[PDB]
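I have placed the structure first, in the form of C-alpha cells, so that the comments after it can refer back to it.
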Amino acid sequence: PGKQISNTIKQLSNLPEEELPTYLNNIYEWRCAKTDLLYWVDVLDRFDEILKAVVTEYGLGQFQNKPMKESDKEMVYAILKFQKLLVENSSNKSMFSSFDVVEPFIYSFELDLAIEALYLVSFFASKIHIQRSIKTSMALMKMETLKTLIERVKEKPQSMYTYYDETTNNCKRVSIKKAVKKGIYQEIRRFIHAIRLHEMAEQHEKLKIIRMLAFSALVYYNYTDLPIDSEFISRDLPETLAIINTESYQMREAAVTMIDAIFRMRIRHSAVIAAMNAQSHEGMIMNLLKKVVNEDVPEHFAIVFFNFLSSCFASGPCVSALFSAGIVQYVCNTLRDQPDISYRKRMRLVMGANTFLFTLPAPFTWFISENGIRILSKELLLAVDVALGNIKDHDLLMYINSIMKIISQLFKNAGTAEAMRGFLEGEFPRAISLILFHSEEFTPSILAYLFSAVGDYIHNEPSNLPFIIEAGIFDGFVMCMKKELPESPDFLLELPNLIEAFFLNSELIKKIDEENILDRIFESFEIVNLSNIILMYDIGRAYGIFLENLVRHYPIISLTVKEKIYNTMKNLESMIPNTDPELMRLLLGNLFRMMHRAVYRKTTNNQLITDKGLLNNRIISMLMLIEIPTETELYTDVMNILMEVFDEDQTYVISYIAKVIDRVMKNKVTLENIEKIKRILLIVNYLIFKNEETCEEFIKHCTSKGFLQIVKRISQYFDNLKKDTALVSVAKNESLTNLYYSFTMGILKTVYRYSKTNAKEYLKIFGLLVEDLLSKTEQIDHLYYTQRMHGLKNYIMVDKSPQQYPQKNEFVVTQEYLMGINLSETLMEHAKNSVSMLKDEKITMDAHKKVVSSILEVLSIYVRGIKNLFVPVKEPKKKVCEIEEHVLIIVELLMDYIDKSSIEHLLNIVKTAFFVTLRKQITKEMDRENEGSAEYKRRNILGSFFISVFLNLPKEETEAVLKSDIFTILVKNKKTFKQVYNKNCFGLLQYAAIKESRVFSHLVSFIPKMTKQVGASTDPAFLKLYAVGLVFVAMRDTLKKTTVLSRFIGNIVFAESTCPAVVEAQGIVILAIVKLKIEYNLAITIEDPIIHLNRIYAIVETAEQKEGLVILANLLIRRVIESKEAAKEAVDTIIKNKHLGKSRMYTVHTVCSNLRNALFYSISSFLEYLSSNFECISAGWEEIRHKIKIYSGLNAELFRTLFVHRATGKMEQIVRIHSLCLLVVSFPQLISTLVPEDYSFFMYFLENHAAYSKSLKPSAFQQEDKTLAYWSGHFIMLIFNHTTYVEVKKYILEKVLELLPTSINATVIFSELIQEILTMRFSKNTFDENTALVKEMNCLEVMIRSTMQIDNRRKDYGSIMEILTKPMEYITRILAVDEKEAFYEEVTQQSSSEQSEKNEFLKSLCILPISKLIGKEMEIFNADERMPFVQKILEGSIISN
Amino acid sequence: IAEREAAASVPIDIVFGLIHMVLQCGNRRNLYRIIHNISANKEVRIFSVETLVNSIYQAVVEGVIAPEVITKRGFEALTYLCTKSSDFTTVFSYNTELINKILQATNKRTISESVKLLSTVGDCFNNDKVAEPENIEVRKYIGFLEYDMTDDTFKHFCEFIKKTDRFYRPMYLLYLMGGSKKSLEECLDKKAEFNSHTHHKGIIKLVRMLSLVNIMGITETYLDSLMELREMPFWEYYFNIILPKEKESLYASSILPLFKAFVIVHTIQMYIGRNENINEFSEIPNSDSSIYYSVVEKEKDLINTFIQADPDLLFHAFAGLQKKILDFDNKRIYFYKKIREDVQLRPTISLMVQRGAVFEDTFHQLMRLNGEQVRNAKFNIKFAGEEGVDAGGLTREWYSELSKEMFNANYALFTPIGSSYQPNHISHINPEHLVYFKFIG
C-alpha cells in the first residue's frame, strides 16, 4: 500500500462526491514507485458504481438528457483522468472491473468524456500483446462496434445517413437535420455518431481525434480486422505526422499516441520508416526536440513527447535510422556547447542516451570514435562541483543519479567495455573521489551505481588498480563507511562486490582487516527495518556466497572472520527470549537462510569455519529456548545443518545433548521445562527416523549407562507429571505418554533392525522396559492403564519376526525370549483382576468390554508367531501345551463379555489355531490319523465355545463375518449342523454348502423334511437356501446318480407378500423348479407363474432396487419361451467366442472361470461341447490336438397373451414393453407367427409414443414418460430393423403415413421415426429390402405434401423446418445414389436423491445381449463364488472324460 | 462430374410447389441439397432447371415476394446447381435457348452474379457440346462490357472468353475492334483535361479489354483496322506533354496502367486457330510506320524503374517487352521466378558425407541417381561426427565444403587464378577424373 497511498485511498473512499473531483484535480503527476491495484478495490468499485448511477440517471440507451449537468461531466472527466493516471503506473490491471460502463462515455455527446474514455481504453488495450490477461475485463463489451468511427471526420461530410434493418431488406436515409426533439431525430450508436459528425461541427477537433482513438483501439484489438492497406498508410499516417508537425499540443498528443499505436504494430515496417522521414538531419522527432529545447513546452506535454521518444528508440530499425541521421552528434554538441539548458532537459537527454547507446552497437562504436566520454567526464565534473559546496537540489541530485546510471550500465556490458581505455586519461577519478569524500549528501542509488562501475572497471583490468589506490579513492571509501549505511537495497546488495574488488589487491585485504569494515555487514543482520528488505530480496544468499568466495580465495584472515561470525551468532542468540515470537521467528529464518550457505560447503577452505562445538552449543540453546514451526523452510535448513553436524560426530553430540537434558532435568519442575523436553524428544525422534546407516558406537552409546539412565529418568518424570492435574492436564499426560511410547518403539525398532545386534544387549533394554510398564499397570492410575497396555501392545507389534516369506506369520527368534518371560501367568492374573473389578462394579460394561477385546488382541498376536501351536508332536509341548491350557482357561473365563470389538481378534485366534488345516499343510491323511490327540480335543472345545458365542449374537453381528473360511470346518460336526440350523443362520449353511460338499450331503437328507415349510415361510434366506440346494443337488445327481431327485414329491403355492425380498425369493424358487422340470422329471407340481409375474409387475411400481426384479422377470420369460435345443445351440455359439482364440489356455481353471455361465446354464451342453469340440486346454498333460438362427420349441401363445395385456400404470407398462423388446430381439421369428388381424393394436404404441417429442423439448415433462415414449418407439424401430418380415412393415407404414398429417407434432415425430428407421442398420440385405419398400410406397410424396401444406410463417417454424430437413434430405440422397453405395451413406453429407437415483437407473437399463445376461442370471445362484465343489468334481470329470 | 441416372422417384407436379417454397424461404442450403439430390435423374434435372429459369425470366422481364429478391435467390440456386457435378450445366447445352432467355434477362444488378453463372455455364463449351452455335445471341453479353464490373467478374469474363474463343472469334473480335476504337477515341478526346483517377475506370476498361483482345488474337481481315488502331498519336501526346506534368503533379499509381496499355497495344499478337486441344498457335505481327521503339527508348529509365517497382508485371502484361530494355537485376529476378514455378514433384532423400572428404562421398552417392531425381531431390544432409545444426545449415555447409574441395589441392580438378578458378590441363587431368566435371556441373 503506502503512507500517502493509504491517505489517498481513504480520502477517495470517504470524501463527498461533490468534493471528489476537486480533491482529485490536485493529483498532477506520479513521482513515486509502482503499486498493485488491490489497494484501490474500494476506490475502483465506488467509481464504477457512481458511474453506473450517473449513466442510469442519463439513460445509457438514447442520451435523452441532452441538457446535461456540468458537475456530472466534470466528475466523470476527473474520474477517467485519474483512473488513467493510476493504471498507467500500476500492476494487476486484469482486475479492472470499471470497464463495463465506459462505452456510453465513449459514445457520449460530451467530447471531454469521450477523449478521456478512449485514452483509457487505448492505454488498457496497448498491453494486449504483453499482459494478455485484461481481455476478460475487455470482453464485457464488443470491440467490433467501434468500426462506426473508422470514417474520417470532415466538415459536415454527409447530411444523409443509411441504416440497416432486417426483414425489409432495405437501407435508406434517416432525418438528421430535424433535431426537433432530443429523443427522436446496434445501429443506434452509428446513428448517434453520424449526428455528432453532422449537427455540431464547431467542436469537431475533439471528435476528429475520437475517430482517431477509436481507430487506435481497433488497431490494438486485432490488426487483422483492420482497414490497413496502401490507402490508409499513404493518407492517414502522413496526416497524423503532419498533425504532429503543425497542430496544437492538445490534439497532436492524440496524434502521437496513434503514431505509437501504428509503429508498435511492426507491419509495412520498411515503408513506415521510409515514409516517416526522420532519417534526415532535419527529420521529425529531433526537430521536435530542437523546438522543445528552443521554445518552451508544457511539462506534461514534454513528458508525453519524451515518453514517445523513448518508445521510438526502443525499436531496432527505428533507432538505426535515427543514428544514421546523426543524433549522436546533435546530443554531443548540445552537451558540450551550451550549459544554460535546464537540468531536467539534460535529464531527458540522458534517458535518451540510456536508450539509444545500448539499443544498438553501431552508435556505441561511433560514440567511442567521437570521444564523447571525455565530454561526459567534463560535464560530470561541472555537475558535481556545482552540487558540491552548495545546498541539496532535487533535480541536480537525480540528474547526477542519471549520470551514474548511464556510466554504470555503459561499463556493465563487456560489449560496451571498449570505453575502459580512456578511463584514467580523463578526470573520472577526481569526480568519483569527490563523490566518495562527500557521499553524505548524495542519494544511495548514486553510490550504488558508482560502486558497481568502480568494481566492474577494476575487474576489467586489475593492473591499473594501484593507480586508483594512490589516488586516495579508498580513503574516501573509508570516510563513506564512517557514515552508517542507509536503507538502500541495491547499495547493500552490491557493496560485497566492491569489497571483493578490493580483495583483488592483497594490501587492500590487509587494510580492510586493519580497519574492520566487515563489522557493518555483520551488524546488518539484526536490523528490523532492514529485515523487511532482506525478506523482500535474496540478500542472505548473496552475502553467504560472497563469504565463501572470500574465504576460499583469501583465507588469510579466516580466523578473524570465524571469531566475528561466532560472536554475531551469540549476539543474535542473546535477545531471543525477551522479544516478540514472530520477529525472532522471521529473523532466525533469514539468519539460518544465510547460514545454510555460510558454512558446510563442499568447496575447500569452508571446513575452516565449520566448528562443531561452539555452533552446536549455540544451536542447541536456540532450539531449547524458542518454539519453531515445522512447515517453515527455516525448519528445513536447520534440520539439514544439524544433520551434517550430527553426521560429523554422532558420539560427542549425543553426549552433549544427554548432559544438557540431565542438567535441565535437575532444574525446577515448570511447564516451559515440560515443553523443552517435548521438543528435545521431538528433535531426537526426527534425527533417529531420518538416520539410515548407524555406527555401532552410536548403538553402544544408546546402550551406554548414560542413555538408559536418562531414558528411565524421563519415564520417571513423565509418571510424576500425572501426579498433578492442575499443573499438567490429563490430556497433556495422554499426549506425553503417546509421544514417549512412539520414541521408545522407534528406538527399539532401530536397535532390533540393526544387523547382528547382541541378543542380551537388546534383551536388557526390552525386558527392563516391559517389566517397568507391567509393574506400572497395576497401580492406582488406571486412567492411563489402557494407554500403557496399548503401549505394550505396540511393543509386541515392533518385536516382530521379519516374516519375509509371503503369507508367513511365525516368530523367528523372539518366541523363546517371550516364553522365557512367563507372560501367560501375568495375563491370567490381569484377567482375574479384571473379572474381580467387574464384580466390584467400578467399571462400565463398555470399558470392561474394550479391555477384554484389547487383551484378546494382545494374546492373539502373541500366539500368532508361536511355533507348532496345537500341533501334536511329542517334544515341543512341554510348555506349548501349558500355554494352550492357559489360553483355553482365559477364553472360558471371558465367555459372557464378548461383543463386536472382540470377534475379529478371537477369529484371528481361531485362524492361528487351525493354520495347517486351513493352509492345507496336511496330505488329508495324517489329520485323519491324529484325531486321538489332546490338541484336537482342545481346539474342538475352543470351537464349541466359539459357536456358542456366535449363536448368542443377533443378525447384525453375524452379518459381519458371514463369509469366513473356518466355518467350512467349524460346522463340520452334524450335531453343530442341526444346532445352527435350529438357530436360523442359514446363510452360513449356504456358504458352507457352496465351499464344502459334506454339509451339502447333510442338506440332501434335510431337504424332504423342510419341503413342506417352503410355502409362506416368509424367510428369504430359507427360500434361497432351498432353491440353491435343489440346483446343486440336481446337477450333482446328473453326475452318475440321476436318482436322488426322483424321490422328491410335493407341491408349493405362494401367499401374498409386501416385502420385496419375499416375492423375489419366491420368483427364484419358481425359476429353479421350472428350469429343473423342463430338463428333468420332477414330482413337484407348479401352476402357471403368470400370476406371480403380474405380482412382480405390480410390486415394482412401488418397491425399490428394480434391477434384480426386472432381470429375473426377463430371464424367466425367456426361459419359459425358450426350449432345450435353442439353449444348447446358444451355449455352443457363446463357447465359440473363446474357442476361436487359439491362445495357450493351459489351465482348466481359466476355462471354467471364463465359462462359468455355460457351466451353470446347462452342464450337458458344455460337457458334450468339450467332449466333441474340445478347446486348446493343456489339461495338465501335454496339449490336445484341437483344430441366421433357427430355433424350435418356442411358445408364441404366451407372447400373444402378453402383447394385448394393456396395463395401466407407468412402470409395469415399461416392464412389459422392455420384455417385448428383449424377446423380439432374441426370437424375431415369433413376429412371423402373429395373427393377421392382431396388428390393429399397434395404434397404442404409435399414439402413446406420440405423447412426447424429444427433439422439440417442452417443459412440464416427465422423464419416466420420456423413456416410456422412447421405448415405445424402440419397439417399432426394432420391428422395422431387426426383423425381416415384409407385410407387417407394409401395414405399419400405411398406418404411420395415415397418422402423419394429423398435426405438426405427428409430422415431426413420424419423420424422425422414418429417419432413424433408415439410419441404424442391422444387416445390409435387410436394409436393401427396406429401401426397396420405402421407395415402392411413395412415402416421400405424402411426407413432403404434409411438409409444405402446414408451413406457417412462425418464429420456431424455422427450427421445425431445419429439423425436418434431415430426414427428407437423407432419404432423397439415398434414393439418388445406387443401391450398392446407398447402404454406406451416413448423416450430415431425500425426495431429490431418490429422484436422481431413478433417473440414473432408467438410463442404466439397456439392451442386454445374450452373453452377459446369461452370466448375470447364473450369478445369482453362483453368488460371486470363485470355486464351488461342483466346479472341482466337474473338472475331475473333464480330466477323466 | 459425370452424368448420374437412377429411378424417377419424384412426381413432376410437386417440384413446382417445392421450388416455389425454396424460393419463398431462407436458410435453403439444406433445401439446395434437397433440390440437387432430387435432380439426379435426367428428366427431373431438365424439368427442374427449365422451371427455375423460366421463373427467373418472369421475375425480371415480366416481374409477398419482391421480384428482385426472388431473382437473386433463383440466381444463387442456379449457381449452386451448376457448380457441383458439372451435369446441370450440360442441360444448357442440351437446350441452347434457355441460355438465350437467361442472357436476355440481365439488369444492372444481374451482372454481379450473372458473370459467375455464365462462367460456370461456359463448361458446355469446354467439351464443345453445343451442336447449334449459330444462335447464341452473344452481342448483348459482349455489349454489357460497358457496365461496371470488378476484378473477380473480370476473371470470370476472361475464362468465359477463353471457352468461347474457338466458337465466336470472328464476331467477338468484330465487336472488340469497335469497342477498343471508341475507348481510345474517348481517351484521345478528353486527353486535354484527362484525369487518371476520375477516369481511372476508363484506363481500367481499356487495358482490360485490350488484354482480352490479346487472349482473343487477331484475324486476317481485321488487320486493316488493327494497323489503323496501332497508330494513335495519343501515346506520343501523353508521353510528351501529360506524362511530364503528371510525373510532377499526379500519383504514378494511376499512371502505371497507361504504361501497361502502351505495352499491350504493341503486344497484340496473331492467333491462327486452336488446332491443338488446349492451345492456339500464336505468331508475332509487325509494325511498319511505328516509332514505338523510339518511345520505349525515350523513357527506358522510367520503364526500368516501373519494372523494378513490380516484377510481376512481366507475367501479366509486361511479357511483350524485350528483355534488352530490362536490367540484369530485374531479368535475374524474373529468371528465378520462372525457374521456380516448374519446381515439379520433389522427393526427399538423405545425404551422408564425412568431414575428411565430402566431395568423394557426394560424388559416389550422386552418380547413382538420375538428373531429374537429383534436381528434385531435397538434400537432407547428415554430416558424420557432428550432429548439432539444422538441415538447412547442413546443406549450406555441404555446399561450402564442396566448393572448397573442388578447388582443393588434392583434387586439383581446377587450377586457381586467385579468387576464380579454371579447369586443370588435359595432361594434368586424369581420364578417370572427367566424370568429376559432370559432377561439378
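Here's how to read the names in the C-alpha cells: chain A, B, ... by the order shown, residue numbers from 1 in each chain, ligand numbers from 1 in the order shown.
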| task | For segment 444-454 of chain A, list every protein, DNA or RNA residue within 7 Å, evaluated using only C-alpha atoms, and leave out those in the same chain fewer than 5 positions away; present the list as a list in words. | result |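 Listing them by chain and then by number gives residues 401, 404, 405, 408, 411, 488, 490, 491, 494 and 498 of chain A.
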| request: Apply DSSP to the backbone of this structure and, from segment 1079-1119 of chain A, keep only the residues in helix (DSSP H, G or I); write these as a count of residues only. | output: 26
Using 10 Å as the limit and counting only C-alpha atoms, can you tabulate each residue of chain B that touches chain A, with its shortest atom-to-atom distance in Å and the two atoms involved, as CSV?
residue,atom,partner,partner_atom,distance
B:4,CA,A:1376,CA,8.5
B:5,CA,A:1376,CA,8.0
B:6,CA,A:1376,CA,6.1
B:7,CA,A:1376,CA,7.7
B:8,CA,A:1376,CA,8.9
B:9,CA,A:1335,CA,7.2
B:10,CA,A:1341,CA,7.3
B:11,CA,A:1341,CA,7.9
B:14,CA,A:1341,CA,7.8
B:17,CA,A:1348,CA,8.2
B:18,CA,A:1348,CA,7.8
B:21,CA,A:1348,CA,7.6
B:25,CA,A:1358,CA,9.5
B:26,CA,A:1358,CA,8.9
B:27,CA,A:1362,CA,8.4
B:28,CA,A:1362,CA,9.2
B:30,CA,A:1365,CA,6.5
B:31,CA,A:1365,CA,7.5
B:32,CA,A:1369,CA,9.8
B:33,CA,A:1369,CA,7.2
B:34,CA,A:1369,CA,5.5
B:35,CA,A:1372,CA,9.1
B:36,CA,A:1373,CA,9.1
B:37,CA,A:1373,CA,5.5
B:38,CA,A:1372,CA,6.2
B:39,CA,A:1376,CA,8.5
B:40,CA,A:1376,CA,5.9
B:41,CA,A:1376,CA,7.7
B:69,CA,A:169,CA,9.0
| Given the choices A:126, A:139, A:8, A:329, which gets closest to residue 263 of chain A if the distance is worked out from only C-alpha atoms? |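 Among the listed residues, the smallest separation from residue 263 of chain A belongs to A:126.
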| field | Nearest-residue call for residue 81 of chain B, choices B:53, B:295, B:242, B:255, using only C-alpha atoms | value |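 Nearest to residue 81 of chain B: B:53.
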Exercise: residue 1153 of chain A partners within 10 Å, only C-alpha atoms, chain neighbours under 6 positions left out, as a PDB file with C-alpha atoms, in the first residue's frame:
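What ended up in part-v3.pdb:
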ATOM      1  CA  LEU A1159     -21.349 -74.393 -16.606  1.00  0.00           C
ATOM      2  CA  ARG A1426     -14.790 -68.251  -7.329  1.00  0.00           C
ATOM      3  CA  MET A1427     -14.711 -72.031  -6.880  1.00  0.00           C
ATOM      4  CA  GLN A1431     -16.634 -76.984 -10.249  1.00  0.00           C
TER       5      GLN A1431
END
| What is the atom CA of residue 1425 of chain A to atom CA of residue 1151 of chain A distance in Å? | 15.5 Å
| field | DSSP-assigned strand (DSSP E or B) among segment 151-359 of chain B, expressed as a list in words | value |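 So the strand (DSSP E or B) residues in segment 151-359 of chain B would be residues 270, 271, 282, 283, 348, 349, 350, 351, 352, 353, 354 and 357 of chain B.
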| request: Write out as a list in words each polymer residue whose atoms come within 12 Å of residue 293 of chain B, counting only C-alpha atoms; drop sequence neighbours fewer than 5 positions from it. | output: residues 236, 262, 263, 266, 286, 287, 288, 298, 299, 300, 321, 322, 324 and 325 of chain B
